[PDB]
Every structure is written in structure tokens, then in C-alpha cells.
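S.K.: What follows is a structure written as C-alpha cells; I'll ask about it next.
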Amino acid sequence: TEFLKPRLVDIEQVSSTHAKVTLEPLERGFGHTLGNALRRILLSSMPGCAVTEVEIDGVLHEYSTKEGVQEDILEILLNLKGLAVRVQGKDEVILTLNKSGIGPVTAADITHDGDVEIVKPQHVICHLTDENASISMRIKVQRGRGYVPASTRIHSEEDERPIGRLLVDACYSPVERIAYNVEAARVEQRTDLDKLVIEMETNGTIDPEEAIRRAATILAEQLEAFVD
Amino acid sequence: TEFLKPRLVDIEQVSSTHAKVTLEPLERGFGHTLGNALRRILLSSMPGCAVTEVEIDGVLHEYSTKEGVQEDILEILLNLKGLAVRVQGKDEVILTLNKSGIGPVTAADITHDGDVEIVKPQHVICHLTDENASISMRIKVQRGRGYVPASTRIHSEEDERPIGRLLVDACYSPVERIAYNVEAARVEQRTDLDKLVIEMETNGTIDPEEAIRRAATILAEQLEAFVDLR
Amino acid sequence: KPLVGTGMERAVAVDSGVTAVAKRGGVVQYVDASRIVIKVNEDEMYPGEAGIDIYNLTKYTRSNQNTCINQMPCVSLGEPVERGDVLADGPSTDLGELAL
Amino acid sequence: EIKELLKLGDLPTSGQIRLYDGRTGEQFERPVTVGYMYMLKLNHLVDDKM
Amino acid sequence: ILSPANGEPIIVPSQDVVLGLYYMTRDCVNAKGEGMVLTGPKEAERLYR
């Protein structure tokens, strides 16, 4: 055992959501081990809070329409996934949205509480062409883990839903994109060692370095039963 | 947040080399991550011993022949590359071989020191085909990791060696083949869990428990410089 | 050796005259890394001499394209040998088959 | 005849098997051929050109 | 990057890159995730991976 370990060289930040981190030099073939383990941990197994289940008045099914709304309801159910939320006390809670008149229905017009934080108040949901039209719905938000689509959930549930409950894809994990890359570096005589350049992009609720260290901690805490 | 940890459970020695190691429980998506991480770090970073210099008397270079020996000396070197020793205390030893008379010369009759364990004592080295023939050799055994050829060592070292030291390539790593497998486990009501099964094929020189513990150690040490700093 | 060949390995390896072929039948007497001494059968011995053949193999030697020519004994001690066999593989043969 | 041989040793008749990957541990999407070629050196070495 | 014999580009992608570009962009009739909706290319990357 004559191990070799790095000196974190660069973290060059592009915005509040983007980042890229180089790291150099690693023993030969230790680029891919670390890159791959981190990527799988980030995509599949982080915890977070997000919207799951919606109740809209006067809507029965995914195909219908409501007069006085510029969108379909498919556009609504896409605009309602990126709504980044932070819950600190509960494990699930319910929002209520109530609006009338002409104007874009931003996220600020929602009924907010003390223990729930919305991190992009400018986010759009729907438009209202007719000033004689109103909108009134209620939203269910839950805390979980990973990524879970809707077909799996509906196959799992045979419950006799009150006709009007629509189900969304969940996006619990707070990472938009991660991608690594491994290229060659040098130490005085040896031209084999590897530098690793990961490139990460998350929504609100988490600053990138925070995400990377929490993932690495998850993995080491898994391994802790062998070292000693 | 229903995190759960693995514990090393079962070891089942099929033979003196083959071995299967079970390991459970693992939450979904963690079979493959651990499986492939430590598959990649068992095949490249284990420490083991292998022969690295040979001195045989009355022979000057490795292209000659000898009186009453079946193989010519290149074959003796290529047979010595693959004997498996186990050294307890030191990091380099000198072993001695010496025999006379008709018959095959096997690895059994290396004049053992106090703390050198030879794994297979039925591995052939030479053949003697005349009643007057004799052979006497001095082998050196070291410790290290990875693959190290002879050209690198000859160009690095400034030391001077006589006419008669013969250099052998070294291949230190003991693990030969390794393959894992993820299966579905049984816990009281959690049907969500998994189990990992690693099957490992090596020569002697490594008891599998120690192999997996060393792998886990170096992985955690690598992650440590990757948690705290930023 | 090659795992898939066209049956005409053996003729090219023998008729190219680079492997040492037995001259008369017998039973091997003394095998070494650089010579083999064979003792002929009684039926093949004409009554002048004692009937031993001696083969001196040619160890490492230059080939006029600058490569290595050498020969390896292919029989053990004390096993019979019939006329026409091979007793020593050449530079690029294997038990009398062209293996390239 | 070649397929009778392949079926005598318990190997897939089609000739091609499933290969995983070395770096990521994932499976290649499609079956892949595997077999034993017989190949040669040639003496156009590099150490005589550079 | 334009040949002087006739202004046709001279960096056409050759023989192996084109097969990758041709195996990505094609359509099967049954595969999975048939007919669900996304929010951008990024969630398409996450789903495929």
C-alpha cells in the first residue's frame, strides 16, 4: 500500500444552478469507478419533496378542457412538475390555488404557509383569457426518494378514486443533470494518471457542492460496516 | 428515509481457490453500484508476492543449454514465473533449490525457511535425465502490487549486478477471475431488498475475507478527500 | 497449433526439412536439451557397426532475415520411435504441425 | 455440422452471446459474436520505422 | 474546410460515427414509455439513463 490521493483543483461556478468541478490526479483507472458511483447515487437515490396528486374543479380526465383557460390541462400538468418546493416539518401537505380575472397565474398567488418554501415565485402555471373566468384547484405535495412515474403508480393503485383525481409524475430527487468525463494528466515521469471533470446542474433547494458532499456521505455510510 | 446497511454473512469455500461471498441486505439500486465498484478495485490493487531474480550456477546468459537437463533455460524462467508463495514477516527473501539424480524437479523440495509457505508443492520446474546431473539455484522473492516489467526496473536502477543475475518479469496480483451476481432476498415484510453474491477465483496467498476488507478500505479512503473538501 | 486448419499442415512441416526426422527405427537411449542418442532395432542394423544414431540439434542461430532458429526435443526418455517420425520441433512447428 | 458441434458443448446455436461492459456495468443492447480467431504477428515492427 | 476544386465541404463524417447517429434517431413501435410527456431534453436524458 503506497496509495495516491488528489488535491481538489478547480470549482468554477457558472450560475446558481450550474457548476463544474475538476479533480486531479487519480491513480490509473480510478476515474471511472468514482464517476460512475457518484452518478448512480445522484440520479436514483436522493431524497426530496415534490408534487404528486392534483384536484382541479370541473375536470374529469386528462383529455378534457376548461373554458377561459389558454392551456389544455396537459400544459398545466407539465407546468406543475418543475414547481420546486421545500417542506421542513411534515411528510406531506396540501396547497390550495384560487385565482380570478385576466392575467398569468404565477406561483405567488398560491395559498402559502409558514413551514413551506417556494423557491421561484415567478414560475408560470396558466393563463386566463376571459376576465369572467376563475380557477380553483388543490395540490398534494409529498416527500420521498428517487424518481417514480405515473403508470407504475396507477397500476399499483386499484383504489376507487373520487372521479377528478389526476396523478402526476414525481421528481423527488433535486438534480437536473450530471455528467462526468475522464481525461489524461501527468506526474513527473508517469503519463497515465487520470483527471476527472464532473459537470452538474440542479434546480433550486440545493447548491451543487452541497449535493455532491451529501451523495458521497451516503455511499461512505453504506460502506462503514467493512472497513473495521 | 429507510436507509439500511449490509453485513458480511456467508462464506463457502468450494475448493482451495474458488470461493463465494454473500452479502445482504441492500436497498434497490445498490447491488450494482457496490458490485461494480469493488469488481473494478479487486482486479488491480491487491498485494501479493512473485519471483523477481534467479541465479543459477555455471550459466552466464539466458540463451544457453545445460548438461543433462530437458529444458533450455528460457523454459526454466518461464516455469518459475508462476509459483505461488506466501511470506509472513519480511518483504524480500532468498530461497534455495538443490537436487541431483534422474527425475522431475518439482517445487516441493525448495529448502524452506521458517516463515515461507508454498501453496502447491506439486508444480514441476525441471526434468533431469542423467544420473550424474545436478542443479542448484537461488531465487529472490519480493512484495508489491500491479504489473512491473523488467525493462522499467533495469532502466530505473543505477546499481551494478554481475554477469549471471537474470531478471524475470513480475506479476504480483493474486486475483485471477471475479464475477458478481444480484439476487432477491427475503426479510420479514420488506420485499424491496436485495443480496449480492461475489464469486472469486484466485491462487492461494489471499483469504477472501481479507480481500473484500482491503477493497472496502481503499474505496472509503478515496471518498474521504471528496466529502469534506467542498 | 491452429484450432482450425486445412489438413495440409503436417506435409509442409515435414517436407520443408527443418525438423529432425528419425533415420531408422529404435528406442530412445538418451535425451538432452541439445542432442538425442537413439539405439536402432535389431532388424534394421546391418552388421558392421553397433547401431546408434546421434542427432546434434542446432541451438540459437541467425536466420538471414535476423531472427532466431532453434530446435527442441520432442520425445521423453525410453519410449519407442518408428522410422519417419519427428524427434525435434523446428522454429515454428508444434508436434510436427505447422503452427505459425 | 458446425451447429451440431456447437450444440454438443452447451453453447448457443446462433453463435452470439450477451456481453456486459467493463467501465459502467451495464448491458450491451444487443447480442454480440464471440469466438476464436487465429492471428499472426508480421515483421513490420515500429522499432524499425521511427 | 472547403475544397478548392468545388465548394463542397471536406469534413464529412465518415463511417462509424454515422451509424451511431443513425441508431439513436429511429423509432420502434412498442418499446416502453410509449406516449408519456416530458419537460425538456434533460428529463429525456435522465429517463434513458
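Identifiers in the C-alpha cells: chain A, B, ... in order shown; residue index from 1 per chain; ligand index from 1 in order shown.
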When you look at stretch 29-36 of chain D with a cut-off of 8 Å (counting only C-alpha atoms), what residues show up, excluding the ones that are within fewer than 6 positions of it in the same chain? I need them as a ChimeraX atom specification.
M.R.: /D:15-19
S.K.: So that I can check the secondary structure, give me every residue of stretch 36-163 of chain B assigned strand (DSSP E) by backbone DSSP, as a PyMOL selection string.
M.R.: chain B and resi 47-56+85-87+92-100+103-106+116-118+124-128+134-145+147-148
S.K.: I need the chosen residues saved as a PDB file, in the first residue's frame, with C-alpha atoms.
M.R.:
```pdb
ATOM      1  CA  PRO B  47      -0.808  -7.005  -2.858  1.00  0.00           C
ATOM      2  CA  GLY B  48       0.989 -10.283  -3.427  1.00  0.00           C
ATOM      3  CA  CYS B  49       4.393 -11.866  -3.911  1.00  0.00           C
ATOM      4  CA  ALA B  50       6.180 -13.144  -7.004  1.00  0.00           C
ATOM      5  CA  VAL B  51       9.642 -14.233  -8.112  1.00  0.00           C
ATOM      6  CA  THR B  52      11.851 -11.476  -9.477  1.00  0.00           C
ATOM      7  CA  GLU B  53      15.502 -12.624  -9.771  1.00  0.00           C
ATOM      8  CA  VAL B  54      17.058 -16.030 -10.413  1.00  0.00           C
ATOM      9  CA  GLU B  55      20.704 -17.070 -10.091  1.00  0.00           C
ATOM     10  CA  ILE B  56      21.748 -20.498 -11.368  1.00  0.00           C
ATOM     11  CA  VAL B  85       4.493 -18.246  -2.203  1.00  0.00           C
ATOM     12  CA  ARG B  86       3.230 -16.634   0.987  1.00  0.00           C
ATOM     13  CA  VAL B  87       5.644 -14.543   3.067  1.00  0.00           C
ATOM     14  CA  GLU B  92      12.185  -9.958   0.434  1.00  0.00           C
ATOM     15  CA  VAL B  93      13.553 -13.469   0.870  1.00  0.00           C
ATOM     16  CA  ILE B  94      16.194 -15.658  -0.774  1.00  0.00           C
ATOM     17  CA  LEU B  95      15.188 -19.278  -1.352  1.00  0.00           C
ATOM     18  CA  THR B  96      17.484 -22.114  -2.374  1.00  0.00           C
ATOM     19  CA  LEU B  97      16.929 -25.156  -4.586  1.00  0.00           C
ATOM     20  CA  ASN B  98      19.347 -28.064  -4.898  1.00  0.00           C
ATOM     21  CA  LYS B  99      18.850 -31.550  -6.330  1.00  0.00           C
ATOM     22  CA  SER B 100      20.638 -34.424  -8.085  1.00  0.00           C
ATOM     23  CA  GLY B 103      13.600 -37.493 -12.301  1.00  0.00           C
ATOM     24  CA  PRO B 104      11.446 -34.384 -12.370  1.00  0.00           C
ATOM     25  CA  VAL B 105      12.434 -31.470 -10.154  1.00  0.00           C
ATOM     26  CA  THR B 106       9.278 -30.110  -8.525  1.00  0.00           C
ATOM     27  CA  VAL B 116       7.636 -19.128   3.864  1.00  0.00           C
ATOM     28  CA  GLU B 117       4.509 -21.062   2.911  1.00  0.00           C
ATOM     29  CA  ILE B 118       4.459 -22.725  -0.510  1.00  0.00           C
ATOM     30  CA  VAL B 124       7.120 -29.016 -11.950  1.00  0.00           C
ATOM     31  CA  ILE B 125      10.211 -26.901 -12.677  1.00  0.00           C
ATOM     32  CA  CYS B 126      12.769 -29.098 -14.454  1.00  0.00           C
ATOM     33  CA  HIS B 127      13.493 -32.584 -15.750  1.00  0.00           C
ATOM     34  CA  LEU B 128      16.776 -34.380 -15.062  1.00  0.00           C
ATOM     35  CA  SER B 134      22.741 -31.797 -10.561  1.00  0.00           C
ATOM     36  CA  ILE B 135      21.187 -28.347 -10.325  1.00  0.00           C
ATOM     37  CA  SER B 136      21.375 -25.553  -7.754  1.00  0.00           C
ATOM     38  CA  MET B 137      19.541 -22.228  -7.830  1.00  0.00           C
ATOM     39  CA  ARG B 138      18.960 -19.144  -5.691  1.00  0.00           C
ATOM     40  CA  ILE B 139      15.615 -17.364  -6.137  1.00  0.00           C
ATOM     41  CA  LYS B 140      14.625 -13.974  -4.735  1.00  0.00           C
ATOM     42  CA  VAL B 141      11.029 -13.182  -3.747  1.00  0.00           C
ATOM     43  CA  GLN B 142       9.659  -9.670  -3.128  1.00  0.00           C
ATOM     44  CA  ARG B 143       6.371  -7.897  -2.404  1.00  0.00           C
ATOM     45  CA  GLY B 144       4.482  -5.294  -4.396  1.00  0.00           C
ATOM     46  CA  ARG B 145       1.355  -4.604  -6.407  1.00  0.00           C
ATOM     47  CA  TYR B 147       2.425  -5.306 -13.048  1.00  0.00           C
ATOM     48  CA  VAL B 148       6.093  -4.358 -13.369  1.00  0.00           C
TER      49      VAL B 148
END
```
S.K.: Any idea what the distance is between atom CA of residue C:80 and atom CA of residue B:102?
M.R.: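 These atoms are spaced 19.4 Å apart.
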S.K.: Write down, as a ChimeraX atom specification, each residue of chain A that has any atom within 7 Å of an atom of chain E, counting only C-alpha atoms.
M.R.: /A:78,176-177
S.K.: Do me a favour and pick out the residues of chain B within 8 Å of chain C, using only C-alpha atoms, as a ChimeraX atom specification.
M.R.: /B:63,65-72,129
S.K.: Closest to residue A:93 among A:53, A:108, A:140, A:213, using only C-alpha atoms?
M.R.: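 Closest to residue A:93 of all the choices is A:140.
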S.K.: So what do you get for atom CA of residue E:12 versus atom CA of residue E:48, distance-wise?
M.R.: 28.7 Å
S.K.: Within 10 Å of residue D:26, counting only C-alpha atoms, which residues qualify if same-chain residues fewer than 4 places away don't, as a list in words?
M.R.: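 Within the cut-off, the hits are residues 32 and 36 of chain B; 19, 20, 21 and 22 of chain D.
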S.K.: Could you go through stretch 38-167 of chain A and tell me which residues DSSP, when run on the backbone, assigns to alpha helix (DSSP H), listing them as a list in words?
M.R.: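 The alpha helix (DSSP H) subset of stretch 38-167 of chain A is residues 38, 39, 40, 41, 42, 43, 44, 74, 75, 76, 77, 78, 79, 150, 151, 152, 153, 154, 155 and 156 of chain A.
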S.K.: Mind checking which residues fall within 12 Å of residue B:192, counting only C-alpha atoms, ignoring those fewer than 6 positions away in the same chain, and posting them as a list in words?
M.R.: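 Here the answer would be residues 2, 3, 4, 25, 26, 27, 28, 29, 30, 183, 184, 185 and 186 of chain B.
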S.K.: I need the chosen residues saved as a short mmCIF file (atom, residue, chain, number, x, y, z; two decimals), in the first residue's frame, with C-alpha atoms.
M.R.:
```
data_model
loop_
_atom_site.label_atom_id
_atom_site.label_comp_id
_atom_site.auth_asym_id
_atom_site.auth_seq_id
_atom_site.Cartn_x
_atom_site.Cartn_y
_atom_site.Cartn_z
CA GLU B 2 -35.30 3.99 5.19
CA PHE B 3 -31.55 3.51 4.69
CA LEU B 4 -30.21 0.06 5.52
CA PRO B 25 -29.33 -6.59 2.66
CA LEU B 26 -29.05 -3.84 0.04
CA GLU B 27 -31.75 -1.37 -0.90
CA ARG B 28 -32.78 -1.13 -4.53
CA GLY B 29 -30.15 0.18 -6.91
CA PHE B 30 -27.25 -0.59 -4.58
CA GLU B 183 -30.44 -11.70 -6.34
CA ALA B 184 -33.70 -11.09 -4.48
CA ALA B 185 -33.64 -11.58 -0.70
CA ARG B 186 -36.22 -12.33 1.98
#
```
S.K.: What are the residues of chain B that have an atom within 10 Å of an atom of chain D, counting only C-alpha atoms, as a PyMOL selection string?
M.R.: chain B and resi 32-33+35-37+39-40
S.K.: If you keep N, CA and C atoms, can you produce a file of those selected residues as a short mmCIF file (atom, residue, chain, number, x, y, z; two decimals), in the first residue's frame?
M.R.:
```
data_model
loop_
_atom_site.label_atom_id
_atom_site.label_comp_id
_atom_site.auth_asym_id
_atom_site.auth_seq_id
_atom_site.Cartn_x
_atom_site.Cartn_y
_atom_site.Cartn_z
N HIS B 32 -25.85 -3.09 -7.87
CA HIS B 32 -24.95 -2.88 -8.99
C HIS B 32 -23.83 -1.91 -8.66
N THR B 33 -24.12 -0.86 -7.89
CA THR B 33 -23.09 0.14 -7.61
C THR B 33 -21.93 -0.47 -6.84
N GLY B 35 -21.36 -3.68 -6.44
CA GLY B 35 -20.83 -4.79 -7.20
C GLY B 35 -19.75 -4.34 -8.17
N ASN B 36 -20.05 -3.33 -8.97
CA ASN B 36 -19.07 -2.94 -9.98
C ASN B 36 -17.92 -2.13 -9.40
N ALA B 37 -18.16 -1.33 -8.36
CA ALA B 37 -17.04 -0.62 -7.75
C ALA B 37 -15.99 -1.59 -7.24
N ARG B 39 -15.72 -4.84 -7.94
CA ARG B 39 -15.10 -5.61 -9.01
C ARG B 39 -13.95 -4.86 -9.64
N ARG B 40 -14.11 -3.55 -9.86
CA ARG B 40 -13.01 -2.84 -10.51
C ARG B 40 -11.81 -2.68 -9.60
#
```
S.K.: Given a cut-off of 10 Å, which residues of chain C touch chain D, counting only C-alpha atoms, written out as a ChimeraX atom specification?
M.R.: /C:1-5,100
S.K.: Could you take the residues named above and write them with N, CA and C atoms, as a PDB file, in the first residue's frame?
M.R.:
```pdb
ATOM      1  N   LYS C   1      -0.481 -24.655 -31.867  1.00  0.00           N
ATOM      2  CA  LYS C   1      -1.170 -25.240 -33.005  1.00  0.00           C
ATOM      3  C   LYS C   1      -2.357 -24.383 -33.421  1.00  0.00           C
ATOM      4  N   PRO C   2      -2.877 -24.578 -34.627  1.00  0.00           N
ATOM      5  CA  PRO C   2      -4.103 -23.880 -35.005  1.00  0.00           C
ATOM      6  C   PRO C   2      -5.327 -24.731 -34.727  1.00  0.00           C
ATOM      7  N   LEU C   3      -6.368 -24.100 -34.190  1.00  0.00           N
ATOM      8  CA  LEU C   3      -7.582 -24.844 -33.896  1.00  0.00           C
ATOM      9  C   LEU C   3      -8.392 -25.188 -35.133  1.00  0.00           C
ATOM     10  N   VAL C   4      -8.194 -24.495 -36.252  1.00  0.00           N
ATOM     11  CA  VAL C   4      -8.906 -24.794 -37.490  1.00  0.00           C
ATOM     12  C   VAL C   4      -7.905 -24.720 -38.633  1.00  0.00           C
ATOM     13  N   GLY C   5      -7.585 -25.864 -39.234  1.00  0.00           N
ATOM     14  CA  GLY C   5      -6.631 -25.923 -40.320  1.00  0.00           C
ATOM     15  C   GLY C   5      -7.204 -26.713 -41.477  1.00  0.00           C
ATOM     16  N   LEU C 100       1.922 -21.309 -36.839  1.00  0.00           N
ATOM     17  CA  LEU C 100       2.584 -20.141 -37.382  1.00  0.00           C
ATOM     18  C   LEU C 100       2.237 -18.855 -36.651  1.00  0.00           C
TER      19      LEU C 100
END
```
S.K.: Output as a ChimeraX atom specification the set of chain A residues within 10 Å of chain D, with distances taken over only C-alpha atoms.
M.R.: /A:29,31-33,35-37
S.K.: Can I get the selected residues back with C-alpha atoms, as a compact mmCIF listing (two decimals), in the first residue's frame?
M.R.:
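Below is the file selection-v1.txt, written as the result:
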```txt
# COMPACT_ATOMS: atom_id res chain seq x y z
CA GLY A 29 -8.49 3.62 -13.71
CA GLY A 31 -11.61 7.92 -12.72
CA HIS A 32 -14.45 5.70 -13.86
CA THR A 33 -15.06 3.98 -10.53
CA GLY A 35 -17.51 8.95 -11.58
CA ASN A 36 -19.93 6.08 -12.08
CA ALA A 37 -20.65 5.51 -8.40
```
